[PDB]
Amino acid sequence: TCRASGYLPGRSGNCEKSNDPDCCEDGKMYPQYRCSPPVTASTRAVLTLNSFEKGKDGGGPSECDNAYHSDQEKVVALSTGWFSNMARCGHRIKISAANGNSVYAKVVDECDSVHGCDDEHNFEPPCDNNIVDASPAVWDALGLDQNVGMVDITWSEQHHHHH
């Protein structure tokens, strides 16, 4: 099976709890995953919302191409396992939602499921494994509300046929 590679003592640091519900609880053990669930014909995952633009705190560009990406561009980041070591960078994947819709998006970043609760992350926990972290364009193309903010999805990397 796949199981955690380690555990992480939580720290809150200077994190603003009154505006961040998800900061590290300070002393709580957070699991670490260099792994991800198996990749199959239609891999199950949790779709998440994020922007890959600049223009706030001072986070950096995406891991695969050293660049920022418009909210209007359909880009995703994968859990460390699925991300393997950039083996899927620039790859396009198909994402399918429960409402019956699909979309392609380009892998450009990693959703770090190992590191967290230090200053470089905003004292926030590691990403889960099994996460697909997507721009607002992916949500619009799927026709999802983006106020549910996590939805169950499937994703593939298999090719298609034309005529």
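Heads up: residue numbers just count along the shown sequence, starting at 1.
Higher average CA B factor: 55-63, of the stretches 124-132 and 55-63. Note on 135-143 vs 20-28: mean CA B-factor is higher in 20-28. Per the PDB record, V39 has a higher Cα B-factor than any other of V39, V108, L49, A45. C117: CA B factor in the highest third of modelled residues in this chain (values from the PDB entry). Placement of the Cα temperature factor of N99 within the chain: highest third of the modelled residues, per the deposited record.
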